[PDB]
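target_37.cif, holding mmCIF, C-alpha atoms and all ligand atoms:
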```
data_start
loop_
_atom_site.label_atom_id
_atom_site.label_comp_id
_atom_site.auth_asym_id
_atom_site.auth_seq_id
_atom_site.Cartn_x
_atom_site.Cartn_y
_atom_site.Cartn_z
CA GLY A 1 -2.09 -4.25 -21.06
CA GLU A 2 -1.61 -4.56 -17.30
CA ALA A 3 -2.97 -2.17 -14.69
CA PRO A 4 -0.65 0.66 -13.56
CA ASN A 5 1.71 -0.31 -10.75
CA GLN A 6 1.10 2.51 -8.28
CA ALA A 7 3.28 1.08 -5.50
CA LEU A 8 5.16 3.72 -3.50
CA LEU A 9 8.93 3.49 -3.11
CA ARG A 10 10.04 5.34 0.02
CA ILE A 11 13.54 6.82 0.23
CA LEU A 12 14.93 6.72 3.77
CA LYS A 13 17.59 8.87 5.47
CA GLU A 14 20.61 6.92 6.76
CA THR A 15 20.48 8.89 10.02
CA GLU A 16 16.99 7.50 10.80
CA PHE A 17 18.10 3.91 11.27
CA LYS A 18 20.82 2.22 13.30
CA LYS A 19 22.51 -1.12 12.75
CA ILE A 20 22.65 -3.32 15.83
CA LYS A 21 24.14 -6.66 14.83
CA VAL A 22 24.99 -8.73 11.78
CA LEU A 23 22.30 -11.21 10.75
CA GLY A 24 24.21 -12.60 7.80
CA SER A 25 27.28 -11.81 5.73
CA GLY A 26 28.08 -12.64 2.12
CA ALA A 27 30.43 -11.64 -0.66
CA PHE A 28 27.75 -9.22 -1.86
CA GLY A 29 27.44 -7.43 1.46
CA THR A 30 25.79 -7.65 4.85
CA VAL A 31 22.29 -7.81 6.38
CA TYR A 32 21.92 -6.19 9.80
CA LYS A 33 19.31 -6.39 12.47
CA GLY A 34 18.44 -2.78 13.22
CA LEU A 35 15.86 -0.18 14.18
CA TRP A 36 14.24 2.44 11.97
CA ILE A 37 13.24 5.65 13.77
CA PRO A 38 11.46 7.98 11.31
CA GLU A 39 12.18 11.55 12.32
CA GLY A 40 9.41 13.08 14.40
CA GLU A 41 7.05 10.10 14.24
CA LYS A 42 7.80 8.63 17.71
CA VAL A 43 8.01 5.00 16.50
CA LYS A 44 10.86 2.48 16.57
CA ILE A 45 10.49 -0.17 13.87
CA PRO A 46 12.57 -3.38 13.99
CA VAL A 47 14.15 -3.88 10.57
CA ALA A 48 16.60 -5.94 8.59
CA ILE A 49 18.95 -3.69 6.60
CA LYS A 50 20.67 -5.17 3.56
CA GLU A 51 23.74 -3.13 2.60
CA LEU A 52 25.94 -3.83 -0.40
CA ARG A 53 29.63 -4.06 0.37
CA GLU A 54 31.88 -1.99 -1.81
CA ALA A 55 29.06 -1.03 -4.14
CA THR A 56 31.10 0.24 -7.02
CA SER A 57 29.76 -2.75 -8.89
CA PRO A 58 27.09 -1.78 -11.40
CA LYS A 59 25.59 -5.28 -11.62
CA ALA A 60 25.00 -5.58 -7.87
CA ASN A 61 23.51 -2.08 -7.80
CA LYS A 62 21.10 -2.95 -10.61
CA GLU A 63 20.06 -6.21 -8.92
CA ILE A 64 19.28 -4.68 -5.53
CA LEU A 65 17.11 -2.04 -7.22
CA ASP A 66 15.19 -4.75 -9.06
CA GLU A 67 14.67 -6.46 -5.70
CA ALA A 68 13.43 -3.17 -4.20
CA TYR A 69 11.15 -2.81 -7.22
CA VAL A 70 9.59 -6.24 -6.62
CA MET A 71 9.16 -5.94 -2.83
CA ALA A 72 7.54 -2.52 -3.10
CA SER A 73 5.06 -3.98 -5.52
CA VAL A 74 3.55 -6.36 -2.93
CA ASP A 75 1.38 -5.94 0.17
CA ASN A 76 0.00 -9.09 1.87
CA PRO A 77 0.25 -10.41 5.42
CA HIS A 78 2.10 -13.51 4.14
CA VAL A 79 4.85 -11.89 2.08
CA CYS A 80 7.66 -9.73 3.41
CA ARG A 81 7.34 -6.05 2.71
CA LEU A 82 9.77 -3.27 2.01
CA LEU A 83 9.87 -0.28 4.27
CA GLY A 84 12.14 1.55 1.85
CA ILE A 85 15.50 2.13 0.27
CA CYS A 86 18.40 4.39 1.18
CA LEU A 87 20.64 5.77 -1.54
CA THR A 88 23.95 5.95 0.26
CA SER A 89 27.19 5.42 -1.56
CA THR A 90 26.52 1.86 -0.65
CA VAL A 91 22.83 1.22 -1.34
CA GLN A 92 20.56 -0.12 1.38
CA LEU A 93 17.30 -2.03 1.41
CA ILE A 94 15.27 -1.80 4.60
CA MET A 95 12.80 -4.60 5.35
CA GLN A 96 10.67 -5.77 8.25
CA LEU A 97 12.72 -7.79 10.74
CA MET A 98 11.68 -11.43 10.94
CA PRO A 99 13.06 -12.22 14.39
CA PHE A 100 13.15 -16.02 14.18
CA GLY A 101 15.05 -16.43 10.92
CA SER A 102 14.19 -18.83 8.13
CA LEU A 103 11.56 -21.49 8.56
CA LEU A 104 14.00 -24.11 7.22
CA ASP A 105 16.36 -23.46 10.15
CA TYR A 106 13.46 -23.07 12.58
CA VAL A 107 12.02 -26.47 11.69
CA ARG A 108 15.46 -28.11 12.03
CA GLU A 109 16.17 -26.40 15.33
CA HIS A 110 12.85 -27.11 17.02
CA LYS A 111 11.62 -30.40 15.55
CA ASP A 112 11.06 -31.94 18.99
CA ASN A 113 8.69 -29.09 19.87
CA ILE A 114 6.76 -28.52 16.63
CA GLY A 115 3.21 -29.84 16.66
CA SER A 116 0.85 -30.62 13.80
CA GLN A 117 -1.11 -27.38 14.27
CA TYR A 118 1.94 -25.21 13.56
CA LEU A 119 2.94 -27.31 10.52
CA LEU A 120 -0.49 -27.16 8.91
CA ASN A 121 -0.98 -23.44 9.73
CA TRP A 122 2.38 -22.70 8.06
CA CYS A 123 1.14 -24.58 5.00
CA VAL A 124 -1.98 -22.38 4.93
CA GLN A 125 0.01 -19.16 5.33
CA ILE A 126 2.49 -19.98 2.58
CA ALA A 127 -0.40 -20.88 0.29
CA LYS A 128 -2.22 -17.59 1.02
CA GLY A 129 1.02 -15.73 0.30
CA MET A 130 1.50 -17.62 -2.96
CA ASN A 131 -2.14 -17.12 -3.92
CA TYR A 132 -1.63 -13.39 -3.38
CA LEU A 133 1.48 -13.39 -5.59
CA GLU A 134 -0.52 -15.20 -8.28
CA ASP A 135 -3.27 -12.57 -8.02
CA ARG A 136 -0.57 -9.95 -8.61
CA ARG A 137 0.71 -11.96 -11.62
CA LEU A 138 4.07 -12.51 -9.93
CA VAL A 139 5.95 -15.79 -10.32
CA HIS A 140 8.28 -16.44 -7.42
CA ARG A 141 10.61 -18.91 -9.11
CA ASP A 142 12.37 -19.73 -5.88
CA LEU A 143 9.89 -20.87 -3.27
CA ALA A 144 11.60 -23.04 -0.71
CA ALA A 145 11.66 -23.40 3.05
CA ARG A 146 14.89 -21.39 3.22
CA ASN A 147 13.01 -18.47 1.59
CA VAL A 148 10.21 -18.38 4.18
CA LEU A 149 11.00 -16.36 7.29
CA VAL A 150 9.40 -16.47 10.71
CA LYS A 151 7.90 -13.31 12.21
CA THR A 152 6.54 -15.31 15.16
CA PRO A 153 6.22 -19.11 15.43
CA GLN A 154 2.55 -18.42 14.55
CA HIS A 155 3.18 -16.20 11.48
CA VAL A 156 5.54 -16.88 8.55
CA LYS A 157 6.05 -14.87 5.37
CA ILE A 158 7.49 -15.59 1.94
CA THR A 159 10.58 -13.59 1.10
CA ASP A 160 13.70 -13.54 -0.94
CA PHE A 161 12.36 -12.56 -4.29
CA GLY A 162 15.87 -12.82 -5.70
CA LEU A 163 14.59 -14.58 -8.78
CA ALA A 164 11.05 -13.25 -8.69
CA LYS A 165 9.66 -11.95 -11.99
CA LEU A 166 6.45 -10.00 -12.66
CA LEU A 167 4.70 -11.37 -15.74
CA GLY A 168 4.46 -8.95 -18.62
CA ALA A 169 0.98 -8.07 -19.81
CA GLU A 170 4.92 -17.93 -18.64
CA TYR A 171 8.38 -16.44 -18.03
CA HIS A 172 11.44 -17.78 -19.87
CA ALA A 173 14.77 -17.71 -18.04
CA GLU A 174 18.20 -17.46 -19.55
CA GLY A 175 20.75 -19.91 -18.20
CA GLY A 176 21.88 -19.13 -14.65
CA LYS A 177 22.28 -20.72 -11.25
CA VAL A 178 18.93 -22.26 -10.41
CA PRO A 179 17.64 -24.68 -7.69
CA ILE A 180 16.91 -27.87 -9.64
CA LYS A 181 15.64 -29.99 -6.76
CA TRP A 182 12.73 -27.52 -6.19
CA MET A 183 11.74 -26.96 -9.82
CA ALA A 184 8.83 -28.12 -11.87
CA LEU A 185 9.85 -30.44 -14.70
CA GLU A 186 9.01 -27.89 -17.40
CA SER A 187 11.32 -25.41 -15.64
CA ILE A 188 14.29 -27.80 -15.73
CA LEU A 189 13.77 -28.83 -19.35
CA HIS A 190 12.51 -25.64 -21.03
CA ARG A 191 13.30 -23.00 -18.37
CA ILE A 192 9.55 -22.20 -18.32
CA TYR A 193 8.10 -20.75 -15.13
CA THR A 194 4.49 -20.15 -14.16
CA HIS A 195 2.22 -19.98 -11.15
CA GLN A 196 1.77 -23.71 -11.67
CA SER A 197 5.53 -24.30 -11.55
CA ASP A 198 5.44 -22.40 -8.26
CA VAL A 199 2.87 -24.98 -7.04
CA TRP A 200 5.46 -27.70 -7.68
CA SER A 201 7.96 -25.88 -5.47
CA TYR A 202 5.25 -25.36 -2.87
CA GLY A 203 4.88 -29.14 -2.72
CA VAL A 204 8.62 -29.46 -2.22
CA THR A 205 8.53 -26.79 0.51
CA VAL A 206 5.77 -28.71 2.35
CA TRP A 207 7.91 -31.83 2.04
CA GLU A 208 10.75 -29.95 3.75
CA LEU A 209 8.45 -28.83 6.57
CA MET A 210 6.89 -32.27 7.01
CA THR A 211 10.36 -33.90 7.17
CA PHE A 212 11.55 -31.19 9.60
CA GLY A 213 14.06 -29.90 7.07
CA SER A 214 15.41 -32.95 5.26
CA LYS A 215 17.20 -32.22 1.99
CA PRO A 216 15.19 -33.37 -1.03
CA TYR A 217 16.70 -36.04 -3.26
CA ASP A 218 19.65 -35.96 -0.88
CA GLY A 219 22.83 -37.06 -2.60
CA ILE A 220 21.38 -37.29 -6.10
CA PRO A 221 23.13 -35.16 -8.76
CA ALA A 222 20.94 -32.39 -10.14
CA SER A 223 21.78 -33.67 -13.65
CA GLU A 224 19.81 -36.83 -12.83
CA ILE A 225 16.65 -35.12 -11.52
CA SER A 226 14.89 -34.47 -14.85
CA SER A 227 14.95 -38.14 -15.88
CA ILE A 228 14.15 -39.40 -12.39
CA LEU A 229 11.07 -37.20 -12.69
CA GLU A 230 10.30 -38.33 -16.24
CA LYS A 231 10.49 -41.92 -14.96
CA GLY A 232 7.59 -40.99 -12.62
CA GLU A 233 9.48 -41.02 -9.30
CA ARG A 234 8.91 -38.34 -6.65
CA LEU A 235 9.88 -37.51 -3.07
CA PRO A 236 8.77 -40.13 -0.52
CA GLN A 237 5.92 -39.90 1.99
CA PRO A 238 7.28 -38.30 5.17
CA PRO A 239 6.80 -40.40 8.32
CA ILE A 240 4.41 -37.99 10.03
CA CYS A 241 2.20 -37.57 6.96
CA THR A 242 -1.15 -39.24 6.52
CA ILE A 243 -1.96 -40.15 2.96
CA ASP A 244 -4.36 -37.16 2.95
CA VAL A 245 -1.41 -34.80 3.24
CA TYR A 246 1.01 -36.73 1.01
CA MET A 247 -1.68 -36.91 -1.68
CA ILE A 248 -1.54 -33.10 -1.85
CA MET A 249 2.21 -33.00 -2.34
CA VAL A 250 1.97 -35.65 -5.04
CA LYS A 251 -0.71 -33.69 -6.92
CA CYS A 252 1.69 -30.70 -6.86
CA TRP A 253 4.22 -32.87 -8.73
CA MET A 254 2.08 -33.91 -11.70
CA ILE A 255 3.78 -33.40 -15.05
CA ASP A 256 0.71 -31.71 -16.51
CA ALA A 257 1.01 -28.25 -14.94
CA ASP A 258 -2.72 -27.62 -15.27
CA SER A 259 -3.34 -30.81 -13.30
CA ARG A 260 -1.62 -29.49 -10.20
CA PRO A 261 -3.66 -27.84 -7.44
CA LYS A 262 -4.32 -24.11 -7.51
CA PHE A 263 -2.93 -22.22 -4.51
CA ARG A 264 -6.52 -21.23 -3.77
CA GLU A 265 -7.37 -24.92 -3.41
CA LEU A 266 -4.31 -25.62 -1.27
CA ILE A 267 -5.47 -22.89 1.14
CA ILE A 268 -8.86 -24.60 1.47
CA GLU A 269 -7.49 -28.11 1.84
CA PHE A 270 -4.83 -27.28 4.40
CA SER A 271 -7.35 -25.16 6.35
CA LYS A 272 -9.67 -28.16 6.55
CA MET A 273 -6.86 -30.23 8.00
CA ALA A 274 -5.77 -27.43 10.35
CA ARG A 275 -9.17 -27.70 12.06
CA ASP A 276 -8.27 -31.27 13.22
CA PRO A 277 -4.49 -31.44 12.89
CA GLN A 278 -3.79 -34.76 14.62
CA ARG A 279 -6.12 -36.44 12.17
CA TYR A 280 -3.69 -35.43 9.40
CA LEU A 281 -0.16 -35.44 10.85
CA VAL A 282 0.93 -38.13 13.31
CA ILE A 283 3.60 -36.71 15.61
CA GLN A 284 5.00 -38.28 18.79
CA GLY A 285 4.01 -36.14 21.77
CA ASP A 286 1.96 -33.78 19.62
CA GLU A 287 -0.54 -32.88 22.35
CA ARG A 288 2.06 -31.53 24.83
CA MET A 289 4.20 -29.22 22.63
CA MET A 290 11.75 0.11 23.70
CA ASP A 291 8.55 1.85 24.74
CA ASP A 292 7.73 3.04 21.22
CA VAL A 293 8.52 -0.15 19.29
CA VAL A 294 5.96 -0.89 16.56
CA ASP A 295 6.02 -3.84 14.18
CA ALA A 296 6.18 -2.73 10.54
CA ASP A 297 2.86 -4.51 9.95
CA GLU A 298 1.12 -1.98 12.23
CA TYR A 299 3.03 0.93 10.68
CA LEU A 300 1.04 2.25 7.69
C1 LIG A 401 24.03 -12.45 3.70
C2 LIG A 401 23.19 -13.56 3.16
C3 LIG A 401 22.37 -14.15 4.32
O1 LIG A 401 22.91 -14.65 5.24
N1 LIG A 401 20.90 -14.06 4.30
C4 LIG A 401 20.20 -14.61 5.45
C5 LIG A 401 20.32 -13.60 6.59
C6 LIG A 401 19.64 -12.26 6.26
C7 LIG A 401 18.15 -12.60 6.10
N2 LIG A 401 17.17 -11.53 5.77
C8 LIG A 401 17.05 -10.86 4.45
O2 LIG A 401 17.78 -11.08 3.58
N3 LIG A 401 16.00 -9.91 4.24
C9 LIG A 401 15.93 -9.29 2.93
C10 LIG A 401 15.51 -10.09 1.83
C11 LIG A 401 15.45 -9.49 0.59
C12 LIG A 401 15.80 -8.11 0.44
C13 LIG A 401 16.23 -7.34 1.57
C14 LIG A 401 16.30 -7.94 2.80
CL1 LIG A 401 16.81 -7.00 4.28
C15 LIG A 401 15.04 -9.57 5.26
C16 LIG A 401 15.19 -10.30 6.62
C17 LIG A 401 14.28 -10.00 7.72
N4 LIG A 401 14.49 -10.65 8.86
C18 LIG A 401 15.47 -11.53 8.99
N5 LIG A 401 15.60 -12.18 10.28
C19 LIG A 401 16.75 -13.11 10.73
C20 LIG A 401 17.73 -13.63 9.85
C21 LIG A 401 18.70 -14.49 10.35
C22 LIG A 401 18.69 -14.81 11.70
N6 LIG A 401 19.76 -15.74 12.26
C23 LIG A 401 20.92 -15.23 13.00
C24 LIG A 401 21.67 -16.38 13.76
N7 LIG A 401 21.99 -17.40 12.92
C25 LIG A 401 22.65 -18.34 13.53
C26 LIG A 401 20.89 -17.93 12.26
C27 LIG A 401 20.23 -16.80 11.41
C28 LIG A 401 17.70 -14.30 12.56
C29 LIG A 401 17.68 -14.67 14.09
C30 LIG A 401 16.73 -13.45 12.06
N8 LIG A 401 16.34 -11.83 8.01
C31 LIG A 401 16.19 -11.19 6.82
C32 LIG A 401 17.89 -13.62 4.99
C33 LIG A 401 18.77 -14.88 5.00
#
```
Can you give me the file's structure in the form of structure tokens?
Amino acid sequence: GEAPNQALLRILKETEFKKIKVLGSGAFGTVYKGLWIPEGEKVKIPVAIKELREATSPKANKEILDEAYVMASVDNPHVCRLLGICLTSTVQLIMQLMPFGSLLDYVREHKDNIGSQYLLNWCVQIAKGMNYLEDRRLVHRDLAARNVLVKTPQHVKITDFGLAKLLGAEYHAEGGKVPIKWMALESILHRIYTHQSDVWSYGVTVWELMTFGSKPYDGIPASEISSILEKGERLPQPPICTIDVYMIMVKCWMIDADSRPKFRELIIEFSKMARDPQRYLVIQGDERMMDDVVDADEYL
């Protein structure tokens, strides 16, 4: 079967980190911006701390441990990594802080200042991250612009492996809440998921970036999407996109999964375009646009 998963899961002391402000709140709990100060090491690491609220719920406790399991299992510059877990009465997951939030919100907030070089670099970075996940035989199942976070405007990372599944030595889902507008056709019909179905969602994610965060198939009921797709219709060519770029998205949306690009090929193609970005995206105005703190990426 598969190779042994020798990832390390680090257990952290609650007294080593401090919560500074709320990044986001849900029914499940809260995510804080914070600092992690390992005892004796003389480093201050910016972190996001996800803490369950009222964790007397066995389902939420099991789900956050599965998440910790997945994140520990990965190590690439284009996917978010776990620093560790803290087993307090309310369980906590400690991750690298991504100071600029999700790329979906970043692209909406800054559209008038985002040039073609940033857009095409982001496409490369997401594809390298996805290619890494495919190497590790991990299917993300939820790639979308909301699930990419921004470390710096120059460096984004895939995150939110809420639905992510490691292939046993395709993956078949049971029925549950699932993002139909981002899904390969075979995922909507037969709840099948593969690295190739991730490519489909990658295409949709690029579409979101290239439209500066427009909602795909806006207004259309998710019940209609499978037949719309079977009819051969897809998302439209974004205004800024040359046909070279749109062609790539379209290939990601072929019905024959094996006819879609590989992530390895998407890396190459978007890197080619990143060398001459204004040849490939046409954007108005494009030309013009705590002493001991250590980023988690330099903390090994
Ligand atoms: C409660 C549901 C919820 O709201 N989730 C969202 C908020 C938490 C967020 N998040 C995680 O879930 N992480 C994670 C993922 C999986 C497992 C464990 C963990 Cl820890 C790691 C993570 C790292 N960095 C950030 N940086 C960051 C986020 C938001 C914002 N702003 C604040 C001002 N707003 C107006 C706009 C948003 C900023 C400025 C920076 N957010 C993260 C994900 C999305």
With 10 Å as the cut-off and all atoms listed in the file counted, what is the closest atom pair between each nearby residue of segment 41-114 of chain A and segment 213-223 of chain A? Distances in Å to one decimal, ordered by chain and number, as a Markdown table.
```
| residue | atom | partner | partner_atom | distance |
| --- | --- | --- | --- | --- |
| A:103 | CA | A:213 | CA | 8.9 |
| A:104 | CA | A:213 | CA | 5.8 |
| A:105 | CA | A:213 | CA | 7.5 |
| A:106 | CA | A:213 | CA | 8.8 |
| A:107 | CA | A:213 | CA | 6.1 |
| A:108 | CA | A:213 | CA | 5.5 |
| A:109 | CA | A:213 | CA | 9.2 |
| A:111 | CA | A:213 | CA | 8.8 |
```
Which residues are near ligand LIG 401 (chain A) - at most 10 Å, using all atoms listed in the file? Format: as a PDB file with C-alpha atoms, in the frame of the given file.
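Output (part14.pdb):
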```pdb
ATOM      1  CA  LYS A  21      24.140  -6.660  14.830  1.00  0.00           C
ATOM      2  CA  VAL A  22      24.990  -8.730  11.780  1.00  0.00           C
ATOM      3  CA  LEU A  23      22.300 -11.210  10.750  1.00  0.00           C
ATOM      4  CA  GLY A  24      24.210 -12.600   7.800  1.00  0.00           C
ATOM      5  CA  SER A  25      27.280 -11.810   5.730  1.00  0.00           C
ATOM      6  CA  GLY A  26      28.080 -12.640   2.120  1.00  0.00           C
ATOM      7  CA  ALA A  27      30.430 -11.640  -0.660  1.00  0.00           C
ATOM      8  CA  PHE A  28      27.750  -9.220  -1.860  1.00  0.00           C
ATOM      9  CA  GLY A  29      27.440  -7.430   1.460  1.00  0.00           C
ATOM     10  CA  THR A  30      25.790  -7.650   4.850  1.00  0.00           C
ATOM     11  CA  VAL A  31      22.290  -7.810   6.380  1.00  0.00           C
ATOM     12  CA  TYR A  32      21.920  -6.190   9.800  1.00  0.00           C
ATOM     13  CA  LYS A  33      19.310  -6.390  12.470  1.00  0.00           C
ATOM     14  CA  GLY A  34      18.440  -2.780  13.220  1.00  0.00           C
ATOM     15  CA  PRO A  46      12.570  -3.380  13.990  1.00  0.00           C
ATOM     16  CA  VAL A  47      14.150  -3.880  10.570  1.00  0.00           C
ATOM     17  CA  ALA A  48      16.600  -5.940   8.590  1.00  0.00           C
ATOM     18  CA  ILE A  49      18.950  -3.690   6.600  1.00  0.00           C
ATOM     19  CA  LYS A  50      20.670  -5.170   3.560  1.00  0.00           C
ATOM     20  CA  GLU A  51      23.740  -3.130   2.600  1.00  0.00           C
ATOM     21  CA  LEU A  52      25.940  -3.830  -0.400  1.00  0.00           C
ATOM     22  CA  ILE A  64      19.280  -4.680  -5.530  1.00  0.00           C
ATOM     23  CA  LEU A  65      17.110  -2.040  -7.220  1.00  0.00           C
ATOM     24  CA  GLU A  67      14.670  -6.460  -5.700  1.00  0.00           C
ATOM     25  CA  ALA A  68      13.430  -3.170  -4.200  1.00  0.00           C
ATOM     26  CA  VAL A  70       9.590  -6.240  -6.620  1.00  0.00           C
ATOM     27  CA  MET A  71       9.160  -5.940  -2.830  1.00  0.00           C
ATOM     28  CA  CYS A  80       7.660  -9.730   3.410  1.00  0.00           C
ATOM     29  CA  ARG A  81       7.340  -6.050   2.710  1.00  0.00           C
ATOM     30  CA  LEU A  82       9.770  -3.270   2.010  1.00  0.00           C
ATOM     31  CA  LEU A  83       9.870  -0.280   4.270  1.00  0.00           C
ATOM     32  CA  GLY A  84      12.140   1.550   1.850  1.00  0.00           C
ATOM     33  CA  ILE A  85      15.500   2.130   0.270  1.00  0.00           C
ATOM     34  CA  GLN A  92      20.560  -0.120   1.380  1.00  0.00           C
ATOM     35  CA  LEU A  93      17.300  -2.030   1.410  1.00  0.00           C
ATOM     36  CA  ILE A  94      15.270  -1.800   4.600  1.00  0.00           C
ATOM     37  CA  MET A  95      12.800  -4.600   5.350  1.00  0.00           C
ATOM     38  CA  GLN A  96      10.670  -5.770   8.250  1.00  0.00           C
ATOM     39  CA  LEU A  97      12.720  -7.790  10.740  1.00  0.00           C
ATOM     40  CA  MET A  98      11.680 -11.430  10.940  1.00  0.00           C
ATOM     41  CA  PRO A  99      13.060 -12.220  14.390  1.00  0.00           C
ATOM     42  CA  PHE A 100      13.150 -16.020  14.180  1.00  0.00           C
ATOM     43  CA  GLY A 101      15.050 -16.430  10.920  1.00  0.00           C
ATOM     44  CA  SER A 102      14.190 -18.830   8.130  1.00  0.00           C
ATOM     45  CA  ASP A 105      16.360 -23.460  10.150  1.00  0.00           C
ATOM     46  CA  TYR A 106      13.460 -23.070  12.580  1.00  0.00           C
ATOM     47  CA  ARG A 146      14.890 -21.390   3.220  1.00  0.00           C
ATOM     48  CA  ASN A 147      13.010 -18.470   1.590  1.00  0.00           C
ATOM     49  CA  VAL A 148      10.210 -18.380   4.180  1.00  0.00           C
ATOM     50  CA  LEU A 149      11.000 -16.360   7.290  1.00  0.00           C
ATOM     51  CA  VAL A 150       9.400 -16.470  10.710  1.00  0.00           C
ATOM     52  CA  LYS A 151       7.900 -13.310  12.210  1.00  0.00           C
ATOM     53  CA  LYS A 157       6.050 -14.870   5.370  1.00  0.00           C
ATOM     54  CA  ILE A 158       7.490 -15.590   1.940  1.00  0.00           C
ATOM     55  CA  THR A 159      10.580 -13.590   1.100  1.00  0.00           C
ATOM     56  CA  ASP A 160      13.700 -13.540  -0.940  1.00  0.00           C
ATOM     57  CA  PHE A 161      12.360 -12.560  -4.290  1.00  0.00           C
ATOM     58  CA  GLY A 162      15.870 -12.820  -5.700  1.00  0.00           C
TER      59      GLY A 162
END
```
Applying 12 Å and all atoms listed in the file, which residues near residue 135 of chain A remain after dropping the ones on its own chain fewer than 5 positions away? List them as a VMD selection string. chain A and resid 74 to 76 128 to 130 166 to 167 195 262 to 264
Selection export as a short mmCIF file (atom, residue, chain, number, x, y, z; two decimals), in the coordinates of the input, atoms kept: C-alpha atoms:
```cif
data_model
loop_
_atom_site.label_atom_id
_atom_site.label_comp_id
_atom_site.auth_asym_id
_atom_site.auth_seq_id
_atom_site.Cartn_x
_atom_site.Cartn_y
_atom_site.Cartn_z
CA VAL A 74 3.55 -6.36 -2.93
CA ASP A 75 1.38 -5.94 0.17
CA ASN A 76 0.00 -9.09 1.87
CA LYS A 128 -2.22 -17.59 1.02
CA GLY A 129 1.02 -15.73 0.30
CA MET A 130 1.50 -17.62 -2.96
CA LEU A 166 6.45 -10.00 -12.66
CA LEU A 167 4.70 -11.37 -15.74
CA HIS A 195 2.22 -19.98 -11.15
CA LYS A 262 -4.32 -24.11 -7.51
CA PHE A 263 -2.93 -22.22 -4.51
CA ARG A 264 -6.52 -21.23 -3.77
#
```
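The coordinates place atom CA of residue 140 of chain A at 25.0 Å from atom CA of residue 11 of chain A.
Take atom CA of residue 285 of chain A and atom CA of residue 210 of chain A: the distance between them is 15.5 Å.
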Once N, CA, C and O atoms are restored for segment 93-104 of chain A, what would the output be as a compact mmCIF listing (two decimals), in the frame of the given file?
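For reference, selection16.txt as written:
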```txt
# COMPACT_ATOMS: atom_id res chain seq x y z
N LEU A 93 18.69 -1.62 1.44
CA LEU A 93 17.30 -2.03 1.41
C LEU A 93 16.86 -2.32 2.82
O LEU A 93 17.50 -3.06 3.52
N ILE A 94 15.76 -1.72 3.23
CA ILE A 94 15.27 -1.80 4.60
C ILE A 94 13.95 -2.57 4.58
O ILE A 94 12.97 -2.15 3.94
N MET A 95 13.93 -3.70 5.30
CA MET A 95 12.80 -4.60 5.35
C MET A 95 12.38 -4.82 6.80
O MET A 95 13.13 -4.55 7.74
N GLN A 96 11.14 -5.29 6.97
CA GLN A 96 10.67 -5.77 8.25
C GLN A 96 11.60 -6.86 8.79
O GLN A 96 12.04 -7.75 8.06
N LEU A 97 11.92 -6.76 10.08
CA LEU A 97 12.72 -7.79 10.74
C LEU A 97 11.86 -9.01 11.00
O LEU A 97 10.76 -8.90 11.54
N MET A 98 12.36 -10.18 10.61
CA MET A 98 11.68 -11.43 10.94
C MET A 98 12.49 -12.10 12.03
O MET A 98 13.50 -12.77 11.75
N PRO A 99 12.12 -11.92 13.30
CA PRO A 99 13.06 -12.22 14.39
C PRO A 99 13.51 -13.66 14.47
O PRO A 99 14.60 -13.91 15.00
N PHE A 100 12.76 -14.63 13.95
CA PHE A 100 13.15 -16.02 14.18
C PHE A 100 13.86 -16.66 12.99
O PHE A 100 14.10 -17.87 13.00
N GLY A 101 14.24 -15.87 11.99
CA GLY A 101 15.05 -16.43 10.92
C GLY A 101 14.22 -17.27 9.96
O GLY A 101 12.99 -17.16 9.91
N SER A 102 14.90 -18.07 9.15
CA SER A 102 14.19 -18.83 8.13
C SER A 102 13.45 -20.01 8.74
O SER A 102 13.85 -20.58 9.77
N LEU A 103 12.34 -20.36 8.10
CA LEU A 103 11.56 -21.49 8.56
C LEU A 103 12.32 -22.81 8.38
O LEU A 103 12.18 -23.72 9.20
N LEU A 104 13.18 -22.91 7.35
CA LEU A 104 14.00 -24.11 7.22
C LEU A 104 14.86 -24.34 8.46
O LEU A 104 14.91 -25.45 9.00
```
